[PDB]
$ cat upload.cif   # mmCIF, N, CA, C and O atoms
data_structure
loop_
_atom_site.label_atom_id
_atom_site.label_comp_id
_atom_site.auth_asym_id
_atom_site.auth_seq_id
_atom_site.Cartn_x
_atom_site.Cartn_y
_atom_site.Cartn_z
N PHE A 1 144.16 72.51 37.17
CA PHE A 1 143.81 72.08 38.51
C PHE A 1 142.48 72.68 38.93
O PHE A 1 142.06 72.57 40.07
N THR A 2 141.82 73.32 37.97
CA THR A 2 140.37 73.38 38.05
C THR A 2 139.81 72.00 38.27
O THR A 2 138.75 71.84 38.88
N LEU A 3 140.50 70.98 37.76
CA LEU A 3 140.22 69.60 38.14
C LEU A 3 140.12 69.45 39.65
O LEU A 3 139.18 68.84 40.16
N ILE A 4 141.10 70.00 40.38
CA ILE A 4 140.94 70.04 41.83
C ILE A 4 139.63 70.72 42.17
O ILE A 4 138.72 70.10 42.73
N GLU A 5 139.50 71.98 41.76
CA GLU A 5 138.23 72.68 41.90
C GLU A 5 137.07 71.79 41.50
O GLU A 5 136.07 71.69 42.22
N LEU A 6 137.20 71.09 40.37
CA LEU A 6 136.24 70.05 40.03
C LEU A 6 136.20 68.99 41.11
O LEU A 6 135.17 68.78 41.77
N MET A 7 137.31 68.29 41.31
CA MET A 7 137.35 67.23 42.30
C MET A 7 136.97 67.77 43.67
O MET A 7 136.39 67.04 44.47
N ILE A 8 137.26 69.04 43.94
CA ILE A 8 136.67 69.71 45.10
C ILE A 8 135.16 69.60 45.04
O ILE A 8 134.52 69.03 45.94
N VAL A 9 134.56 70.16 43.99
CA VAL A 9 133.12 70.06 43.81
C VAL A 9 132.71 68.60 43.90
O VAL A 9 131.69 68.27 44.52
N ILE A 10 133.51 67.72 43.33
CA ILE A 10 133.30 66.30 43.56
C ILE A 10 133.46 66.00 45.05
O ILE A 10 132.57 65.43 45.69
N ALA A 11 134.60 66.40 45.61
CA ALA A 11 134.88 66.09 47.01
C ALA A 11 133.77 66.58 47.92
O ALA A 11 133.26 65.84 48.76
N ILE A 12 133.38 67.85 47.77
CA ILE A 12 132.33 68.38 48.64
C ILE A 12 131.03 67.63 48.39
O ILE A 12 130.26 67.38 49.31
N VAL A 13 130.79 67.24 47.14
CA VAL A 13 129.73 66.28 46.88
C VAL A 13 130.10 64.93 47.47
O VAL A 13 129.23 64.18 47.92
N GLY A 14 131.39 64.62 47.46
CA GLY A 14 131.88 63.36 47.99
C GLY A 14 131.35 63.07 49.38
O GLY A 14 130.79 62.01 49.64
N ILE A 15 131.52 64.04 50.28
CA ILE A 15 131.05 63.89 51.65
C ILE A 15 129.78 64.71 51.90
O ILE A 15 129.58 65.24 52.98
N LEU A 16 128.94 64.79 50.88
CA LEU A 16 127.69 65.54 50.98
C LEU A 16 126.48 64.61 50.92
O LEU A 16 125.40 64.96 51.39
N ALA A 17 126.67 63.43 50.33
CA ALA A 17 125.59 62.46 50.21
C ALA A 17 125.70 61.38 51.29
O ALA A 17 125.31 60.23 51.07
N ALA A 18 126.23 61.76 52.45
CA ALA A 18 126.39 60.83 53.55
C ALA A 18 126.27 61.51 54.90
O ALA A 18 126.94 62.51 55.16
N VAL A 19 125.38 60.97 55.74
CA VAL A 19 125.11 61.46 57.10
C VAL A 19 124.49 62.87 57.22
O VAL A 19 124.49 63.47 58.30
N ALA A 20 123.93 63.38 56.13
CA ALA A 20 123.31 64.70 56.13
C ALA A 20 121.80 64.61 56.26
O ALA A 20 121.07 65.47 55.77
N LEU A 21 121.33 63.56 56.93
CA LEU A 21 119.90 63.35 57.13
C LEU A 21 119.60 62.89 58.55
O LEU A 21 119.67 61.70 58.86
N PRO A 22 119.27 63.84 59.42
CA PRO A 22 118.96 63.53 60.82
C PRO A 22 117.59 62.90 60.95
O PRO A 22 116.73 63.10 60.09
N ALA A 23 117.39 62.09 61.98
CA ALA A 23 116.12 62.02 62.70
C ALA A 23 114.86 61.82 61.88
O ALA A 23 113.77 62.07 62.39
N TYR A 24 114.94 61.39 60.62
CA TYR A 24 113.69 61.25 59.89
C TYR A 24 113.04 59.89 60.15
O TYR A 24 111.82 59.78 60.23
N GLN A 25 113.86 58.84 60.28
CA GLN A 25 113.32 57.60 60.81
C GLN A 25 112.78 57.86 62.21
O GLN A 25 111.82 57.23 62.65
N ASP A 26 113.40 58.82 62.90
CA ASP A 26 112.86 59.36 64.14
C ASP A 26 111.51 60.04 63.91
O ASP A 26 110.58 59.85 64.70
N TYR A 27 111.38 60.83 62.85
CA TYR A 27 110.19 61.65 62.70
C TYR A 27 108.99 60.81 62.27
O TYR A 27 107.95 60.83 62.93
N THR A 28 109.12 60.09 61.15
CA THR A 28 108.06 59.19 60.70
C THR A 28 107.48 58.44 61.88
O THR A 28 106.25 58.35 62.03
N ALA A 29 108.35 57.92 62.73
CA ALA A 29 107.95 57.24 63.95
C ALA A 29 106.84 57.98 64.66
O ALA A 29 105.76 57.43 64.89
N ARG A 30 107.08 59.25 65.00
CA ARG A 30 106.10 60.04 65.73
C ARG A 30 104.71 59.84 65.16
O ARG A 30 103.81 59.35 65.84
N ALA A 31 104.53 60.17 63.88
CA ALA A 31 103.24 59.93 63.24
C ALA A 31 102.90 58.46 63.24
O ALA A 31 101.82 58.06 63.70
N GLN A 32 103.81 57.63 62.73
CA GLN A 32 103.65 56.18 62.81
C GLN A 32 103.25 55.76 64.21
O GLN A 32 102.29 55.00 64.39
N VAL A 33 103.95 56.27 65.23
CA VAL A 33 103.45 56.18 66.59
C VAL A 33 102.07 56.81 66.68
O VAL A 33 101.08 56.16 67.05
N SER A 34 101.97 58.10 66.34
CA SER A 34 100.75 58.85 66.59
C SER A 34 99.55 58.19 65.94
O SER A 34 98.44 58.27 66.46
N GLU A 35 99.76 57.54 64.79
CA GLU A 35 98.72 56.69 64.23
C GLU A 35 98.14 55.78 65.30
O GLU A 35 96.92 55.73 65.50
N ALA A 36 99.01 55.07 66.01
CA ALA A 36 98.54 54.22 67.10
C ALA A 36 97.76 55.02 68.13
O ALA A 36 96.77 54.52 68.67
N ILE A 37 98.18 56.25 68.40
CA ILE A 37 97.47 57.08 69.37
C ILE A 37 96.03 57.28 68.93
O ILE A 37 95.12 57.38 69.76
N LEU A 38 95.80 57.29 67.63
CA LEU A 38 94.51 57.74 67.11
C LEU A 38 93.38 56.79 67.48
O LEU A 38 92.21 57.17 67.37
N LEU A 39 93.69 55.59 67.93
CA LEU A 39 92.69 54.53 67.87
C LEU A 39 91.98 54.33 69.20
O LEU A 39 90.76 54.47 69.29
N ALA A 40 92.73 54.02 70.26
CA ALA A 40 92.15 53.72 71.57
C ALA A 40 91.39 54.89 72.16
O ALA A 40 90.75 54.74 73.21
N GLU A 41 91.49 56.05 71.52
CA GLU A 41 90.80 57.25 71.97
C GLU A 41 89.34 56.97 72.30
O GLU A 41 88.85 57.34 73.37
N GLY A 42 88.62 56.32 71.38
CA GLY A 42 87.21 56.07 71.61
C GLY A 42 86.95 55.21 72.83
O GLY A 42 85.90 55.34 73.47
N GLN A 43 87.90 54.34 73.18
CA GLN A 43 87.71 53.47 74.34
C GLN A 43 87.49 54.29 75.60
O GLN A 43 86.77 53.86 76.51
N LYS A 44 88.09 55.48 75.67
CA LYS A 44 87.98 56.37 76.81
C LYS A 44 86.55 56.57 77.28
O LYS A 44 86.32 56.79 78.47
N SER A 45 85.59 56.49 76.36
CA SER A 45 84.20 56.77 76.70
C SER A 45 83.66 55.77 77.71
O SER A 45 83.37 56.13 78.85
N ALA A 46 83.53 54.51 77.30
CA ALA A 46 82.99 53.50 78.20
C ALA A 46 83.87 53.38 79.43
O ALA A 46 83.38 53.18 80.55
N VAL A 47 85.18 53.51 79.24
CA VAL A 47 86.10 53.65 80.36
C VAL A 47 85.61 54.73 81.31
O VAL A 47 85.39 54.49 82.50
N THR A 48 85.39 55.93 80.78
CA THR A 48 84.75 56.97 81.57
C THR A 48 83.39 56.50 82.06
O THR A 48 83.12 56.50 83.26
N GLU A 49 82.54 56.07 81.13
CA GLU A 49 81.20 55.59 81.47
C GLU A 49 81.24 54.58 82.60
O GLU A 49 80.48 54.68 83.57
N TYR A 50 82.12 53.59 82.47
CA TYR A 50 82.34 52.66 83.56
C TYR A 50 82.69 53.42 84.83
O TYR A 50 82.05 53.25 85.87
N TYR A 51 83.69 54.30 84.74
CA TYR A 51 83.97 55.19 85.86
C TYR A 51 82.79 56.10 86.13
O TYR A 51 82.52 56.46 87.28
N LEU A 52 82.07 56.46 85.08
CA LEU A 52 80.94 57.36 85.21
C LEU A 52 79.81 56.67 85.93
O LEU A 52 79.34 57.14 86.97
N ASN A 53 79.35 55.56 85.35
CA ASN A 53 78.40 54.71 86.04
C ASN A 53 78.86 54.42 87.46
O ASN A 53 78.21 54.82 88.43
N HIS A 54 80.01 53.77 87.59
CA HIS A 54 80.39 53.15 88.85
C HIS A 54 81.02 54.14 89.82
O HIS A 54 80.74 54.09 91.02
N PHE B 1 178.08 75.35 14.11
CA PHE B 1 177.55 74.33 14.99
C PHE B 1 176.54 74.92 15.94
O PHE B 1 176.07 74.27 16.87
N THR B 2 176.19 76.18 15.70
CA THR B 2 174.88 76.64 16.11
C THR B 2 173.83 75.68 15.59
O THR B 2 172.77 75.53 16.21
N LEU B 3 174.10 75.05 14.45
CA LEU B 3 173.30 73.91 14.00
C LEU B 3 173.11 72.90 15.12
O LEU B 3 171.99 72.44 15.37
N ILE B 4 174.19 72.53 15.81
CA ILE B 4 174.01 71.71 17.01
C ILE B 4 173.05 72.41 17.94
O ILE B 4 171.96 71.91 18.22
N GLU B 5 173.42 73.62 18.38
CA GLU B 5 172.51 74.44 19.17
C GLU B 5 171.11 74.41 18.58
O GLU B 5 170.12 74.21 19.30
N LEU B 6 171.00 74.57 17.27
CA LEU B 6 169.73 74.33 16.60
C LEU B 6 169.25 72.91 16.83
O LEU B 6 168.20 72.68 17.45
N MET B 7 170.01 71.94 16.34
CA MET B 7 169.61 70.55 16.50
C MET B 7 169.41 70.21 17.97
O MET B 7 168.58 69.37 18.30
N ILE B 8 170.16 70.87 18.86
CA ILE B 8 169.83 70.82 20.29
C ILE B 8 168.39 71.25 20.50
O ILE B 8 167.56 70.49 21.00
N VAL B 9 168.09 72.49 20.12
CA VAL B 9 166.72 72.98 20.23
C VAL B 9 165.79 72.02 19.54
O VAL B 9 164.70 71.72 20.04
N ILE B 10 166.21 71.48 18.40
CA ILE B 10 165.47 70.38 17.81
C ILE B 10 165.45 69.20 18.76
O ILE B 10 164.40 68.67 19.12
N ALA B 11 166.64 68.77 19.20
CA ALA B 11 166.74 67.60 20.06
C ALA B 11 165.87 67.74 21.29
O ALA B 11 165.09 66.85 21.62
N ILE B 12 166.00 68.87 22.00
CA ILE B 12 165.20 69.05 23.21
C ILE B 12 163.72 69.08 22.85
O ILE B 12 162.88 68.57 23.59
N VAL B 13 163.39 69.64 21.69
CA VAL B 13 162.05 69.45 21.15
C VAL B 13 161.87 68.00 20.75
O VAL B 13 160.76 67.46 20.86
N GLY B 14 162.94 67.37 20.29
CA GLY B 14 162.89 65.98 19.87
C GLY B 14 162.25 65.09 20.91
O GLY B 14 161.32 64.34 20.61
N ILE B 15 162.74 65.17 22.14
CA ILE B 15 162.21 64.36 23.23
C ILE B 15 161.34 65.20 24.17
O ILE B 15 161.32 64.98 25.38
N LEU B 16 160.63 66.16 23.59
CA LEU B 16 159.75 67.03 24.37
C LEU B 16 158.28 66.79 24.04
O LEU B 16 157.40 67.09 24.84
N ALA B 17 158.03 66.24 22.86
CA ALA B 17 156.67 65.95 22.42
C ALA B 17 156.32 64.48 22.61
O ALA B 17 155.53 63.91 21.86
N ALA B 18 156.92 63.87 23.63
CA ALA B 18 156.68 62.47 23.92
C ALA B 18 156.78 62.16 25.40
O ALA B 18 157.77 62.51 26.05
N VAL B 19 155.73 61.54 25.94
CA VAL B 19 155.61 61.14 27.35
C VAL B 19 155.58 62.27 28.40
O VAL B 19 155.77 62.04 29.59
N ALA B 20 155.28 63.49 27.95
CA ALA B 20 155.22 64.64 28.85
C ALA B 20 153.78 64.97 29.22
O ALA B 20 153.44 66.12 29.48
N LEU B 21 152.92 63.95 29.23
CA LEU B 21 151.52 64.13 29.57
C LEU B 21 151.02 63.01 30.49
O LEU B 21 150.62 61.95 30.02
N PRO B 22 151.04 63.27 31.79
CA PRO B 22 150.60 62.28 32.77
C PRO B 22 149.08 62.18 32.80
O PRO B 22 148.40 63.13 32.42
N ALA B 23 148.55 61.02 33.18
CA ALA B 23 147.33 60.93 33.97
C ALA B 23 146.11 61.69 33.48
O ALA B 23 145.19 61.90 34.26
N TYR B 24 146.07 62.13 32.22
CA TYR B 24 144.88 62.88 31.83
C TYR B 24 143.76 61.95 31.38
O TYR B 24 142.58 62.21 31.64
N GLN B 25 144.11 60.86 30.69
CA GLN B 25 143.12 59.80 30.51
C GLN B 25 142.69 59.30 31.87
O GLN B 25 141.54 58.89 32.05
N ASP B 26 143.59 59.37 32.84
CA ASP B 26 143.25 59.16 34.24
C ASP B 26 142.28 60.22 34.74
O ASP B 26 141.31 59.89 35.45
N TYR B 27 142.50 61.48 34.40
CA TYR B 27 141.70 62.54 35.00
C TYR B 27 140.29 62.59 34.43
O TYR B 27 139.32 62.53 35.19
N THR B 28 140.18 62.72 33.11
CA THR B 28 138.87 62.68 32.46
C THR B 28 138.01 61.61 33.07
O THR B 28 136.84 61.84 33.40
N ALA B 29 138.59 60.43 33.25
CA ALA B 29 137.92 59.32 33.90
C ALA B 29 137.15 59.76 35.12
O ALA B 29 135.94 59.56 35.21
N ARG B 30 137.85 60.38 36.07
CA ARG B 30 137.22 60.82 37.31
C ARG B 30 135.87 61.47 37.04
O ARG B 30 134.83 60.97 37.49
N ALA B 31 135.88 62.55 36.26
CA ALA B 31 134.62 63.19 35.90
C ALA B 31 133.74 62.23 35.11
O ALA B 31 132.57 62.00 35.47
N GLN B 32 134.28 61.66 34.04
CA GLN B 32 133.58 60.62 33.29
C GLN B 32 133.01 59.58 34.23
O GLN B 32 131.83 59.22 34.13
N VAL B 33 133.81 59.10 35.18
CA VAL B 33 133.27 58.35 36.31
C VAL B 33 132.23 59.18 37.04
O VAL B 33 131.06 58.80 37.15
N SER B 34 132.64 60.35 37.54
CA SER B 34 131.79 61.12 38.42
C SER B 34 130.45 61.44 37.78
O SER B 34 129.44 61.52 38.48
N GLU B 35 130.44 61.61 36.46
CA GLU B 35 129.17 61.67 35.75
C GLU B 35 128.25 60.54 36.18
O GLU B 35 127.10 60.77 36.56
N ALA B 36 128.77 59.31 36.14
CA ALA B 36 127.97 58.18 36.59
C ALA B 36 127.52 58.36 38.04
O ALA B 36 126.39 57.99 38.38
N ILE B 37 128.37 58.95 38.88
CA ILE B 37 127.99 59.18 40.27
C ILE B 37 126.75 60.04 40.35
O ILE B 37 125.93 59.89 41.25
N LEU B 38 126.58 60.93 39.38
CA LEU B 38 125.58 61.98 39.50
C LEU B 38 124.17 61.44 39.49
O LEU B 38 123.23 62.14 39.87
N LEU B 39 123.98 60.19 39.07
CA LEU B 39 122.66 59.79 38.62
C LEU B 39 121.88 59.05 39.70
O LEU B 39 120.80 59.48 40.10
N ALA B 40 122.42 57.92 40.19
CA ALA B 40 121.72 57.09 41.17
C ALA B 40 121.45 57.80 42.48
O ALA B 40 120.77 57.25 43.35
N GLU B 41 122.00 59.00 42.63
CA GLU B 41 121.81 59.81 43.82
C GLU B 41 120.34 59.87 44.23
O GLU B 41 119.99 59.62 45.38
N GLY B 42 119.46 60.19 43.28
CA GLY B 42 118.05 60.32 43.61
C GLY B 42 117.44 59.03 44.12
O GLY B 42 116.51 59.06 44.92
N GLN B 43 117.98 57.89 43.69
CA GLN B 43 117.44 56.61 44.14
C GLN B 43 117.50 56.49 45.65
O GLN B 43 116.65 55.84 46.27
N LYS B 44 118.51 57.11 46.26
CA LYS B 44 118.71 57.08 47.71
C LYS B 44 117.45 57.39 48.49
O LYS B 44 117.28 56.88 49.61
N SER B 45 116.56 58.20 47.93
CA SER B 45 115.37 58.63 48.65
C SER B 45 114.45 57.46 48.97
O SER B 45 114.29 57.11 50.14
N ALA B 46 113.87 56.85 47.95
CA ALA B 46 112.96 55.74 48.18
C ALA B 46 113.68 54.61 48.89
O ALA B 46 113.11 53.93 49.75
N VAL B 47 114.95 54.41 48.54
CA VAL B 47 115.82 53.53 49.31
C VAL B 47 115.74 53.87 50.79
O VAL B 47 115.42 53.03 51.63
N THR B 48 116.01 55.13 51.11
CA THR B 48 115.79 55.60 52.48
C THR B 48 114.34 55.39 52.87
O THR B 48 114.05 54.74 53.87
N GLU B 49 113.41 55.92 52.07
CA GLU B 49 111.99 55.79 52.34
C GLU B 49 111.61 54.35 52.63
O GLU B 49 110.91 54.06 53.61
N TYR B 50 112.05 53.44 51.77
CA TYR B 50 111.86 52.02 52.04
C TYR B 50 112.43 51.68 53.40
O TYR B 50 111.74 51.12 54.26
N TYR B 51 113.69 52.05 53.64
CA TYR B 51 114.25 51.91 54.97
C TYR B 51 113.50 52.77 55.96
O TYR B 51 113.34 52.41 57.13
N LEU B 52 113.01 53.91 55.50
CA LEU B 52 112.30 54.83 56.37
C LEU B 52 110.96 54.25 56.77
O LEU B 52 110.67 54.10 57.95
N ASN B 53 110.14 53.95 55.76
CA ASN B 53 108.91 53.22 56.01
C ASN B 53 109.18 51.99 56.86
O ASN B 53 108.70 51.88 57.99
N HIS B 54 110.00 51.08 56.34
CA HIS B 54 110.06 49.73 56.89
C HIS B 54 110.99 49.64 58.09
O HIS B 54 110.68 48.95 59.07
#

$ encode --input "upload.cif" --output "structure tokens"
Amino acid sequence: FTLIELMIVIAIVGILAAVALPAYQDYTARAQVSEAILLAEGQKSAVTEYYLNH
Amino acid sequence: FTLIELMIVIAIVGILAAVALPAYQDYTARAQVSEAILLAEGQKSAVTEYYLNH
């Protein structure tokens, strides 16, 4: 019944390859989001300039 | 007729070396199966990554 011990090791592996990964589709998003942040930044200038001029 | 007692001991040995082994071809299987479990595990990553990316 080391087999159990085995099947234990199996069992603990059994419920070890499921739901043990939080928030990574969450995390990639941030950067994937933040990528979008990277772009309109330059627009701020003429926006300011417009506000600056006007 | 200790011979009987003997042949008894024979007899009980007679039907003792047959069908007294359950489920071990069943058991090896599990690990033999579980061996197969051990492998595709790594595939889960890019699978996730694919799901993660996409």

$ closest_residue --input "upload.cif" --among "B:30, B:36, B:12, B:46" --to "chain A" --atoms "only N, CA, C and O atoms"
B:30

$ atom_distance --input "upload.cif" --atom1 "atom O of residue 4 (chain A)" --atom2 "atom O of residue 39 (chain B)"
21.0 Å

$ closest_atom_pairs --input "upload.cif" --of "chain B" --to "chain A" --cutoff "9 Å" --atoms "only C-alpha atoms" --output "Markdown table"
| residue | atom | partner | partner_atom | distance |
| --- | --- | --- | --- | --- |
| B:27 | CA | A:3 | CA | 7.9 |
| B:30 | CA | A:7 | CA | 8.1 |
| B:31 | CA | A:7 | CA | 8.0 |
| B:34 | CA | A:10 | CA | 7.5 |
| B:41 | CA | A:17 | CA | 7.9 |
| B:48 | CA | A:25 | CA | 8.9 |
| B:49 | CA | A:25 | CA | 8.8 |
| B:51 | CA | A:25 | CA | 8.2 |
| B:52 | CA | A:25 | CA | 5.3 |
| B:53 | CA | A:28 | CA | 7.6 |

$ select_by_dssp --input "upload.cif" --residues "chain A" --states "helix (DSSP H, G or I)" --output "ChimeraX atom specification"
/A:2-14,24-53

$ atom_distance --input "upload.cif" --atom1 "CA of residue 15 (chain B)" --atom2 "CA of residue 1 (chain A)"
25.1 Å

$ atom_distance --input "upload.cif" --atom1 "atom C of residue 33 (chain B)" --atom2 "atom N of residue 2 (chain A)"
17.1 Å
